[PDB]
Each structure stands twice: as structure tokens, then as C-alpha cells.
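Notes to accompany the following structure.
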Amino acid sequence: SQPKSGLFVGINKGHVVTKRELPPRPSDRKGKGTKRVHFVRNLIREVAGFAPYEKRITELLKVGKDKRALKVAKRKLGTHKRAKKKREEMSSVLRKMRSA
Amino acid sequence: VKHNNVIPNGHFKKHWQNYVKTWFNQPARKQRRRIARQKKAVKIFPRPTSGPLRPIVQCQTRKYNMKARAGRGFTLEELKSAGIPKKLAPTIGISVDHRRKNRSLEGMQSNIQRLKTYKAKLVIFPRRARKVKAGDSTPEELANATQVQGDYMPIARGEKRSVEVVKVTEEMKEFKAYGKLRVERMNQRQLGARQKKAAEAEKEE
Amino acid sequence: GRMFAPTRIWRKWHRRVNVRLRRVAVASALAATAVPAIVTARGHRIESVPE
RNA sequence: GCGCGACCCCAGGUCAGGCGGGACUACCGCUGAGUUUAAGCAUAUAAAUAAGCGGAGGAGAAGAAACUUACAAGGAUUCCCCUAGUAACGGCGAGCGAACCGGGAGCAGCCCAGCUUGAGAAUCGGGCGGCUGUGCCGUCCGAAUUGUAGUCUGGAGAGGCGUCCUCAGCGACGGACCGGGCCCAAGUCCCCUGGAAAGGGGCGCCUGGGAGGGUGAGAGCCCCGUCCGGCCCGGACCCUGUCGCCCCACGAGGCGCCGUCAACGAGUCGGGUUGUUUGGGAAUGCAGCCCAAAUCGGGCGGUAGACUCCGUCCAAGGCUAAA
RNA sequence: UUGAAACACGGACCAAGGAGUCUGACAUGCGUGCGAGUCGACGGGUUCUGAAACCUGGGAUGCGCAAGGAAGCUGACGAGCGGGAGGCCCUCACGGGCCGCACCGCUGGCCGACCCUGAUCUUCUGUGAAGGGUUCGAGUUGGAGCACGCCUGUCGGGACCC
RNA sequence: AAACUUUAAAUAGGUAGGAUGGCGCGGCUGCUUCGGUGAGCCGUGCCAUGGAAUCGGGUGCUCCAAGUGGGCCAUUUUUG
RNA sequence: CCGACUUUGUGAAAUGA
RNA sequence: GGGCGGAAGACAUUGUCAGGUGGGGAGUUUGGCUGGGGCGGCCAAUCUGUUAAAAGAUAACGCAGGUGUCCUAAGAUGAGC
RNA sequence: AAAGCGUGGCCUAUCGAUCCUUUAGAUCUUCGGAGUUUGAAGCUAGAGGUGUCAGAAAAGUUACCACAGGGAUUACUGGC
Ligand SMILES: C[C@@H]1C[C@@H]([C@H](O)CC2CC(=O)NC(=O)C2)C(=O)[C@@H](C)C1
Ligand SMILES: [Mg+2]
Ligand SMILES: [Mg+2]
Ligand SMILES: [Mg+2]
Ligand SMILES: [Mg+2]
Ligand SMILES: [Mg+2]
Ligand SMILES: [Mg+2]
Ligand SMILES: [Mg+2]
Ligand SMILES: [Mg+2]
Ligand SMILES: [Mg+2]
Ligand SMILES: [Mg+2]
Ligand SMILES: [Mg+2]
Ligand SMILES: [Mg+2]
Ligand SMILES: [Mg+2]
Ligand SMILES: [Mg+2]
Ligand SMILES: [Mg+2]
Ligand SMILES: [Mg+2]
Ligand SMILES: [Mg+2]
Ligand SMILES: [Mg+2]
Ligand SMILES: [Mg+2]
Ligand SMILES: [Mg+2]
Ligand SMILES: [Mg+2]
Ligand SMILES: [Mg+2]
Ligand SMILES: [Mg+2]
Ligand SMILES: [Mg+2]
Ligand SMILES: [Mg+2]
Ligand SMILES: [Mg+2]
Ligand SMILES: [Mg+2]
Ligand SMILES: [Mg+2]
Ligand SMILES: [Mg+2]
Ligand SMILES: [Mg+2]
Ligand SMILES: [Mg+2]
Ligand SMILES: [Mg+2]
Ligand SMILES: [Mg+2]
Ligand SMILES: [Mg+2]
Ligand SMILES: [Mg+2]
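In C-alpha cells form, the structure reads like this:
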């Protein structure tokens, strides 16, 4: 964003150069899900089913005990960063199966 | 151990006599590299002997941030704005580094002047004999072409030592530069403690 | 059997002298070329060289 | 009372073909000690070494960032100097010990898999036949739709528009590089000692040649040779130098714009625990077992932890000289 | 070995081979070059007997020119005294006075760590007029260092030899 | 009477025997005193026949380092 | 020696939630 | 009748961790002084008196003994006796 | 009352390194992209203990024994 302060030490220290906005590259969309891959994954999801711990997540969420849902999801997957979003995804599956 | 001497750090408890590397072949590598350079020059005649063009870039690392050096290649932005296609730039003696990022106009125009200079004093033989297509060069000046030797576009490593003479103004004398220089250090120390009280100022009031 | 403390290739064969000390020594040698008594002492037959 | 097709597997001295062992300097993988040092010794050290077991080449390995850094940031790999006997690791004892930055040597980046001929396998192999012969062509079989060829590889790309800009082959003649052969200056003059003159004296000569060697004793000039080069023969050539005929498109690329798509590698990452290893310290790599994904995502930012922001890169497929 | 001619051990004699060397780091001493510099050591260009020699970079590579803290960080605001070599001045000289390097001793000052202190100014947490300290520093009030060589010593390596 | 002592030798032990002393004058002190009262220092000026005997250049200052770290005999004192 | 996870699937009852 | 015949059967067992046992086995140690060593003892830290020879220093497995603690008072101060 | 006395015991003995852990203290310093925030790492001063007490973590046997050495050291003889 805006350039350095020009003063060698302190908040936003450094030497002043007129900063520049980088053109969009490939790999800034890296991971942006696409129409067909979403189609594929969603189709295969119910055909395969749900893994047993994911079913336990569904059960704990439909009880509403989100802390233990996250806890067991973390103990299965391994890290909080992915446990959190696995809980989000399974909460999404429960809203999309209590929508109807 | 005995009388006052440094605590030894001899790292010679392994079998170092199996891994001594002697440099008696130093003149030999000098001469072999020289021979290789002659036989590359004759082959790439009449290309420049230093190779393709290299960008002026800054070094990393606070110790050398101000000292410019030759980089690896021009970025895509730079090639595009100097009007030279991606796949053609390495062809005519211009390196390309798709991994660099241009973060400054100061860097971009600095290298764009180099691209323009290289295209200014570049000559390109036709791919065939009589057919002179677009981007080629005329025979009359093709006929004096030579192999430049050494660095054909030198890079100054630091900006020149220049000390002009100027007035000492009253408001320049009043400037407490050390007080200034302590104030932002104080702000950097207190940056968290300030923004926290701001955060709960919003959260409550 | 062996020799005591066998000779090894990683002796200090080449020694280093300061570049400025080489230059000083070449200066003193050039100066000593100019003095007829030094050449004649050093062993050159110079009784008929002009200057 | 069968004839069929596919799958999977047989046996063939079937046709055509690749494998095994050797050498150890250097190189790649596994396995893997202790004597020693710590004035004992048990972790450590010796040492991620010796021995063991395998695998290649002229080099091998690595290699085109899931990088470092915190800068005004840089930018594949490899090697040298500096970093540095430093940060770190260690009965914090003995000791051990890298990396970033910078300067140099050399520098080249590439191709796959996936959505994408479906009027139509456009692909490949084999038998036979021809010719111009490291291949090309025709015919007949087979492989293959559980996908061969083409387009694509994130730096992108696919589409649509556009004045436009860019693409072809075959000859000769060399040079260059490599090997080989032949040739090439001048006292053997006079005297003396001496078995022998290559020694001493005297008179001379060559030298772009007084490196060396032989010849009956200190030989430039007896001989082979050495300097300058000259000549001719053969190779690989696939490097470029100029001449000559062949004239480069509606295919592909580049460039400019658009905004619609934008597809990217799984028992893999990643996490726990164990073991080894490391300088890597709440864990550096690797490995076993268990758990086991993600697509507004994933790996890093050298102190574990959650939240906010920021810097950065895109793994789990492959090839690649040079130093 | 306190003590060997010893009834202590080795030696029949001769000839040849035979035991503190090489390398790394460091240090003192000495010599040389330069001297707030000094090193060209990895590379590059040359090199007509040459692995030599000569040139080149360095605008910051090593060490040195700044140190104190664990670290964030801060980082020397300019020295007097006593004794002194030597020179100088006066006297006929004896004697007297002045300037007094080095070195030794004494007291300080400044930087930093820790403590203490607080006018003003300021971005309110910073600065720092004045004043400090039985504290600590491998500091400063002397720029002397870098490179090479040699001996000696310590240590690592077979490391004086068996 | 070694583990008693009033007394108390000899031998040896420490210190001093000046020029690094003394006095006068005027200055400082954040110490000290009831106080120029002290204590100490600073500048300045004067004096100080070398202050017993004998002998003599000095580790006086510093650096680097070797070997040694098994001792034995004798006269006197002395423990078992 | 035994404990847990793994190959390790099927349905049934009785006691705890 | 698309089950070769029985038995056991998702228990044994395979692999990874977890705890116990494990001289069957590995690696290693098993202090010093000392009128030889061993056993004994501490003369190894340490105090008093002596030996110690009237300054200091001064030894032996010399001598007579002591120490690894006890104390909110048996510390500090004052007063009286 | 005050002068004073008091930095443990009337004096001479009655005790403890490095690393590790743990506590006390500053509204202290760092976690190196920037912050909140647990944890961790520091600085100064104590304790946890090394009695072999300047501080290794440590049971025997050998007549089956071995190597280096010792007359520094025993048993036989000799010597006083
Ligand atoms: C229980 C503990 C034991 C001991 C310490 O842990 C032993 C250390 C000390 C040493 O010498 N270096 C080591 O590696 C071991 C210590 O400090 C005591 C006060 C208390
Ligand atoms: Mg060794
Ligand atoms: Mg040892
Ligand atoms: Mg030893
Ligand atoms: Mg041992
Ligand atoms: Mg081997
Ligand atoms: Mg390769
Ligand atoms: Mg250094
Ligand atoms: Mg190691
Ligand atoms: Mg001839
Ligand atoms: Mg003759
Ligand atoms: Mg000859
Ligand atoms: Mg291993
Ligand atoms: Mg590990
Ligand atoms: Mg490869
Ligand atoms: Mg004896
Ligand atoms: Mg005798
Ligand atoms: Mg002997
Ligand atoms: Mg004998
Ligand atoms: Mg310099
Ligand atoms: Mg003076
Ligand atoms: Mg040695
Ligand atoms: Mg007396
Ligand atoms: Mg055993
Ligand atoms: Mg003993
Ligand atoms: Mg005894
Ligand atoms: Mg006495
Ligand atoms: Mg006494
Ligand atoms: Mg007091
Ligand atoms: Mg009392
Ligand atoms: Mg007392
Ligand atoms: Mg303690
Ligand atoms: Mg960090
Ligand atoms: Mg001791
Ligand atoms: Mg034993
Ligand atoms: Mg028996």
C-alpha cells in the first residue's frame, strides 16, 4: 500500500519508494473452487457417503454441542485450522438438510 | 593445557587427513576456464561475451539494501512495458525472470531504461540471408558487427559520493532530531497498548 | 617400515608476500641495477659498457 | 448334442527382443560399529565414519521454489571465498556446528495428468513389400475407447474481435575440432694427450633451433631430435561462413482488447506417538503405526497456543547440460 | 635413582637405516611493508623457458577504527597533579628557573549496565537544565593495526620413536 | 607439671633514623565543629650541611617460557 | 505376560447413559 | 444343489505403542589416605589446648577432646541486682 | 531520657560450585513480519546438594586369570 515513512526506525520504518499495485497473476485464484469441481465433489459426496467421524460431527451438531463437535473433529483431523472449517462444512450440511 | 592462552577449538578429532582438499590445481582451473571462455566466445560470435542482459536490482537485507547489483532477469511487467514479447526476450539476449515482482516505479523505469538502451544498441541478423523481416537490421550496419568483450552495461553499486554545500536554516537548527528519533521508537513500543484502548473504547462507548 | 612423520602434500609450498612489498622490492632491485659497483660486485663483466 | 464374445490364467526350444556378472578413484541408496576423547564412564565423542549390501555415468546427484527473508526486498541447481569456529546444539563438560545476505564460475529452462475430434482414433507396434535406408511409404493383422495423438501446465490458458507482425527445404565449398605420417641449420677441418676426442689449443659455422637423448671421457655444428613451419591421408561432423535453387499463411504463434470460464497431482499432505538423525532448540529431515483432509483453500514467515492483519509460495508426476 | 663400579637393568663386534616433523588455531618476542588503515588470499586480464611473474576489484570481504548490557537499547560533551629522559634560559660556575615525551603512582571527567535524579519541551510517554554513585565494564580522556616470515609455548590431529 | 603459672631470659621478630620534611601566607569543602573549630586538599613563598655505621647499581617494571613438584646427610631444638 | 488401536465384518439380548 | 471336507471364528493371530518381569544377555563401575595391601579408623570438610622450639608458618594413623546441631530468645537494647 | 549499642548468638567451628528445577521483584526484556493474548525464554536475589565436603551417577570374585610397570611397595636372604 502506501510507502514507508522514510525514517530508519519506528512505525512503518524504511526508505520511500513510490509503491505500486501488482497486476493480477495466476495462482491468486489458486484454490478458488470452480463450477465443475464443485459439481463433481457434491455429486460424489452423497454417493460415497460420510466418513464415520463426520457422521459423529453431524450427530453432535444436531444436538448443538458445538464445542465437543470441534473437539472430536480436531482429534480426528489434527489441527484447529482444519477442524474449524470441517465443523463449518458439516454445519452447512446440517442446514442444507434441515432446510427441507 | 598450560600457560595463559585461548581455549582451543581444534576441530581435528575426525579423520580430516582423508578430506584435506589441496589447491594445486588452481592454476589449472584458471587456465581451463580461460580455454572454455575462448571456445564459447568463438562459438557465440558475435554475441556479447557476458551473455544476456541483466537487471539493476536492490539487494536484500538491511546491511546491503542500498547497494544495487545485477539480478537474474527482467520481469514480465518490464518486458511488456518495454514492448518485447515474453517468449522472444530470451531469444535475443534478454534474460527473463518470471519470479520477480515489481514493487516500485523506481525499479521499473530504472530497468525500462536498460531495455530501451539494449534495443537501441542491438543488432539482429536475419534468420536467412536475403529475407529481412520485421525486427531485423540492415546489412550496411550489420557488416561492422563485433563481439563486445567484458561488461557492456556496467552497474554502479552505490550512488556516487556527492556532498554539496547549502544553507543552515533556523528551523533546521530548531529540529531536535534525537527527540524525533526517540518519539517513533516510543510509538513502536506503545503500538499495541494504544490500539487496545482504542478497541475497547469502540467496544464500550 | 615408515619414515618418521611422513612428508605430506599439504605442506606450505607457496608463501605469500604483500603486493606492496613485492613492489617495494622490485623498486630496490631496479635501483640496484643502476649502480655500476653493484653489478660488478654481483658478477657481471662490465669494463666496456658505454653508460 | 453346441457353435460365440469377453475376463483371468496356462504351457510353447513359438517370432522379435531387454536382464544378470566385472573395476573402485570419483558418484547415488540402504545398513552400520568400536578402539579413541571426556584424564574414570553410561548421553555425548569417535560418526550420521570404517566394515557389510547394492546402482550408474563420463561425470553422478540436485535443479526451475508449497524459497529466503522483513529488505528500497530478492529469485532454479551445483562449486569457491565470506558468513563462521558464529547463531545453535552438548553430563552447557569434552566439544560440535550449519544457514540467509554478499562476491565470484556458469547460467536454459522445460512436458505431462485433468473439461475440451466425435460428421471421424485423427495415435502406436508388428509381419510382409518397396525405396532414398539410424528412416520413409503401402498392405494386412494387433494394441487401444478402463483413452493413443493433438491443445494446456498457473509465468498461465481456453474462447471472441483485430490492422497487423512471425514460420520452408535441399546442395556445394570451407573454416573450426581430432588422429596419423613425412620433411626440414650448422665442423666431424689442423695439432696434442688419450684404448676411445665428445678433452685442450687453433681456424670457422647454425641459432624463431644451446629442451632432452644416443654415440667408446665436459659433443650447439656425428645422430635422433628441439624452433619456424610446410605437405598429405583419414575421421567425426550436426558448430558456423558464404555462395545456389528453392519463396515463406490462410494452419500455428506473437501483439492489442474483452469479460465469460478458468478445471492444477490423496492413505498424499497434515496431526499424534515411537525410533533415528540434525546445528535445528514445545521436535531439522526421514521412517513405522494410528488418525486423516481441504477448494472463499493449502504450505511457510526458526518459541508451543487461539484471534486479527500482513509478507510469500502452490506440494503429493516427469526431464534438463554449464560451473 | 637421595644414592651405581655395584650382586640394578641394556650392551659380543661391525656396517647402513633410526626418534620433537608437518598442518590448523592462538599468543608473546623479533624483522619487513604499509600505517586509520591493512590485507588481492576466491575470481578476471594478461603471461613467447614458466603451476612462476605483473596488472586488476574494495564503495565498506577479514581484522582494526566503540564500548556497556541477557535484551530491548544506548553509545565516550574533550584532564589535572607528584616523580621523570631531554631541551632551553640566567649565573664565572657551583646552583636556580621554564617546557617536560615515555613510564609509575594519585585523583577525576565522559559513555554504558544497575541505582538515583528531574527545569523545560513534547506525538502522555518520550526528552533531559541541574545533580549524582563506597557499585560493575574486557571502556574513553594515547587512534595502532593489518599482512607476511622466523623461533618458542599451549591445544587438536599418529604428533618425538617403539 | 607438654595440654599449671605470678615472674621471666638468650636467639630471633616489628617499626623509625628527613629532600615523599617543616613553617608562613590565601583559597575550596556537599565532611566536621557551638565556632576558623578541626580534618584534608589547592595555589604561592620561604627554609631544611643530606640528618647513625658499613656496603652496593638496581626486579626497578614488564613479557614469553623451560625444567621441578620421589629427596637425602649433618650440628643444635624436637615429636612416636 | 497382559492393555489398547489395526486386519475387524453381521444381528441379538441384558444392564449404563 | 455355482460351498473340496471338518473345526474354531471376527476370538486367536499380524503390526505399532503402552506397563511389569527380564544376570538369559550387553555395557560399565566397584574412591583416597595407609610405616606392603586387606580389615579397622578418618588423622579427606573442621574447632579448641599441646607438640610448635617466647613474632608468623610448621608435620605424623601424635596427644585430650568437638562440630553437621540448639535458639522469636539462649538475638538487640535499657534498667535494677 | 541521651550519649550511644545493634548487619544474629561474647570470640574462636556449626557448611556448599556449574547445569537443572522452584520462588521473590520491576505495572522490567525477548519470542526476530506487526499486535491482543496463555506459555516459554531472561536479569537480580534466595532454596532444592553434592559429608570423597573446590562438588563423577556406580557391587563383588578370580587359585583359570592377563598387560603395563614397581624393589616408591610385602613375603626368602642380607643390612642397622
Ligand atoms: C536434586 C538436585 C540434584 C542436583 C542437580 O540436579 C544435578 C546436576 C548438577 C551437575 O553437576 N550437572 C548435572 O548434569 C547434574 C542439584 O543441583 C541439587 C541442588 C538438587
Ligand atoms: Mg583418531
Ligand atoms: Mg575414556
Ligand atoms: Mg587416559
Ligand atoms: Mg576405561
Ligand atoms: Mg564402505
Ligand atoms: Mg543426471
Ligand atoms: Mg570473524
Ligand atoms: Mg556430529
Ligand atoms: Mg641435424
Ligand atoms: Mg675436438
Ligand atoms: Mg650429450
Ligand atoms: Mg542408521
Ligand atoms: Mg524427530
Ligand atoms: Mg532428475
Ligand atoms: Mg631405591
Ligand atoms: Mg652389592
Ligand atoms: Mg628395568
Ligand atoms: Mg646383557
Ligand atoms: Mg576495509
Ligand atoms: Mg606529568
Ligand atoms: Mg605436538
Ligand atoms: Mg629489636
Ligand atoms: Mg554382566
Ligand atoms: Mg589404596
Ligand atoms: Mg598397614
Ligand atoms: Mg620462635
Ligand atoms: Mg608461634
Ligand atoms: Mg549504624
Ligand atoms: Mg547473649
Ligand atoms: Mg558477635
Ligand atoms: Mg546453593
Ligand atoms: Mg518468528
Ligand atoms: Mg576436595
Ligand atoms: Mg569385573
Ligand atoms: Mg576350575
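As you go down the protein sequences, you meet chains AB, KB and EB in turn. The authors' numbering applies: residue 4 is where the first sequence begins, and numbers increase by one. The authors' numbering applies: residue 2 is where the second sequence begins, and numbers increase by one. The authors' numbering applies: residue 102 is where the third sequence begins, and numbers increase by one. Virtual Cβ for every residue (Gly too), placed ideally from N, Cα, C.
If you draw a straight line from the alpha carbon of residue i to that of residue j, how long is it in whole angstroms?
| i | j | result |
| --- | --- | --- |
| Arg-124(EB) | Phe-176(KB) | 52 Å |
| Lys-81(KB) | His-41(AB) | 36 Å |
| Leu-116(KB) | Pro-53(KB) | 11 Å |
| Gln-110(KB) | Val-97(KB) | 16 Å |
| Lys-38(AB) | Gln-39(KB) | 58 Å |
| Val-150(EB) | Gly-144(EB) | 14 Å |
| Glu-148(EB) | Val-140(EB) | 11 Å |
| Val-12(AB) | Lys-204(KB) | 32 Å |
| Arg-128(KB) | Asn-112(KB) | 28 Å |
| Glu-49(AB) | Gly-34(AB) | 23 Å |
| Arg-117(EB) | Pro-28(KB) | 16 Å |
| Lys-58(AB) | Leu-46(AB) | 18 Å |
| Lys-132(KB) | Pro-86(KB) | 22 Å |
| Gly-81(AB) | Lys-102(KB) | 35 Å |
| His-12(KB) | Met-104(EB) | 26 Å |
| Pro-140(KB) | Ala-121(KB) | 17 Å |
| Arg-186(KB) | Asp-69(AB) | 44 Å |
| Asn-119(EB) | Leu-192(KB) | 55 Å |
| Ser-105(KB) | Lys-161(KB) | 21 Å |
Sort out for me which residues DSSP pairs residue i with in a bridge.
| i | result |
| --- | --- |
| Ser-96(KB) | Answer is none; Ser-96(KB) lacks a bridge partner. |
| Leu-54(KB) | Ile-95(KB) |
| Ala-71(KB) | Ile-57(KB) |
| residue 221(KB) | Any question about residue 221(KB) goes unanswered here, given that chain KB covers just 2 to 206. |
| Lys-22(AB) | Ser-105(KB) |
Just by C-beta distance, which residues in the region 23 to 56 of chain AB are closer than 7 Å to chain KB? Those residues of the region 23 to 56 of chain AB that come within reach of chain KB (Cβ to Cβ, closer than 7 Å) are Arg-23, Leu-25 and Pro-26.
Mind listing which residues of the region 4 to 21 of chain AB have their C-beta closer than 7 Å to chain KB's C-betas, in chain order? Identification of residues in the region 4 to 21 of chain AB having a C-beta nearer than 7 Å to some C-beta of chain KB yields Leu-10, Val-12, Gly-13, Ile-14, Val-20 and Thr-21, given in sequence order.
Please list the residues of the region 18 to 29 of chain KB that have a C-beta atom closer than 7 Å to any C-beta atom in chain EB, keeping them in chain order. Listed by position, the residues of the region 18 to 29 of chain KB near chain EB (Cβ gap below 7 Å) are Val-21 and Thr-23.
Which of the residues in the region 92 to 116 of chain KB, read from start to end, lie with their CB under 9 Å from any CB of chain AB? Residues of the region 92 to 116 of chain KB with a C-beta atom less than 9 Å from some C-beta of chain AB are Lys-102, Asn-103, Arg-104, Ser-105, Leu-106, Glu-107, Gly-108 and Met-109, listed in chain order.
Output needed in chain order: residues of the region 34 to 46 of chain KB with a Cβ under 7 Å from some Cβ in chain AB. The residues in question: there are none.
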